[PDB]
Structure formats: C-alpha cells, structure tokens
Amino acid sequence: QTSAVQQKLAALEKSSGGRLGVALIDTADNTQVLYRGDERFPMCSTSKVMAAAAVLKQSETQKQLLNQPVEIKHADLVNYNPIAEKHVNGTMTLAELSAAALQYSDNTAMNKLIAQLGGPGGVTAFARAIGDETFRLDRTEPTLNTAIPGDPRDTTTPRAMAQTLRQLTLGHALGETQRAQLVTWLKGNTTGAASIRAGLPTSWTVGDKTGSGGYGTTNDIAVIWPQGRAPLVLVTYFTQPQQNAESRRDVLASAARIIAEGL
C-alpha cells in the first residue's frame, strides 16, 4: 500500500528533481514509515556515526583508549579539517577526534577513526557485529563522498541506517556509558540546523549527523526526542542526477516536516 505520507514524500521528490530516501522508527509503537527504504544511497559523512561508535565499542574493554594520542601530520590533512589542522605536528586523543568528526564533520578526524579500526573494512565489520548487514564502508575520506549514481561503495539503505542508529543511541549495541557519550556528541552537533531539525517543531530535541558529497548528495540522520512522547529515529537521504548539483538541505527539512505531520 501507499500511505498519505508516502504520497506527500513522492510529491516532494518529484518537485526536487532528485531521489529521496526516508526511514522513520517511532519507538513508542516500533512502527516504521519508509520511502525508498530499501534503495541504496551514498552515506557520505553520516558514516562518521558508525566509525565513532566502533571506537566507543573498543573503549568498552580499554578504559583509557579515548585518551590515546594520535599524531596529526601535515600529510594527513585532507579537504575539510577545521579541528585537525590546528594540531598539525601535535596530537589529538581518540575522544577529541570523535568529537571533531561528529560535531564539526572533520574529515581528517574521520580518517584517524577509520585507521584505529584497521581501515574501512573495520567499520563494516563493526556494523555486521551489531546486526547491520547492509552498511558498507569501502574508502577513506575524502573519496568516500564521490556519491556516483549506481556505485555500491560507501552506501546503505534508509531502513538499515535507521535500525542501526536506534540500536546505537537508544538500544544496547553499546555499553550504557558509551551510548550516553554518543548521544551527547550527536546532541552537540554544529552542522544540523538547516536539515531534519528545520522541519520539526522547535520544542523537540534533536541529535543528528549530516553528510554531503558529489551529485548534490545531501543527507541527515537523527535521533529525536519529541515533547511528551517516545523518541523517534529519522533518516533522510537525497541525491541528484548531475555531478555538480547544488545541495538541498531544505528537501531534508521538508521530508521531516511531512513525517512529523503524519505522526
């Protein structure tokens, strides 16, 4: 069947000229709303959540791991390094790198997380360990953001990412203190006010991670605490047919607004 909400999302998608993927989990009743929920989309920087969570999992058996220093050399700088560039010829801890990756979307910080896990396949292995059979990370920053249509590398589906985000932030994929740390980091994101958040009532609290890349790809994944009801998880992925397309954070906000109306 096609629901009213799905019809509105289709109309939004038609006007946008791109391809929109949405998955909502309402944890009050565990019901789901999906639009292209099983199609693959490039994750771009939304993958930083999985990398940070994989390092948090490692820290469960190493109480000092998050204080471990990592050398930042000039050659490590990639294309967007707002935090890491201040520490060239110095060090950052794994906690500092996780915070920079999640809250500022620092690409050098993400590469240090990937390296701590043994490469992109270490991130994928963690996804499999927590029940995500769909996620795949194949490349490092910045090339994981090429976002070429039809390319399977560095992709997931909206359904799989919403399930994983729920398990990481509201479930038991992580230990209790690690889950709390992930939630704190997401709630302090600096990059999200124009994306899912912009489509929701201002009284709600949101923790989110954005992404963007080639082909006008514009993404956001969020855990949402609405006023007076159980939390939601919402994934909004969007990509366009031409390599140089302009990003459309407003489309993610519009999708979130349609979802919120339908609750």
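Residue positions are given as counts along the sequence shown, with the first one as 1.
- When the C-alpha B-factors of 52-60 and 24-32 are averaged, 24-32 comes out higher.
- Comparing the deposited coordinates for 96-104 and 172-180, the stretch with the larger average C-alpha B-factor is 172-180.
- Highest C-alpha temperature factor among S45, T205, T217, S195 per the entry: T205.
- In the deposited entry, the Cα temperature factor of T156 places it in the lowest third of its chain's modelled residues.
- In the deposited entry, the Cα temperature factor of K112 sits in the middle third of values across the chain's modelled residues.
- For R166, the recorded CA temperature factor ranks within the lowest third of the chain's modelled residues.
- Annotation for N67: CA B-factor lies in the middle third of the chain's modelled residues.
- In the PDB entry, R40 places in the middle third of its chain by CA B-factor.
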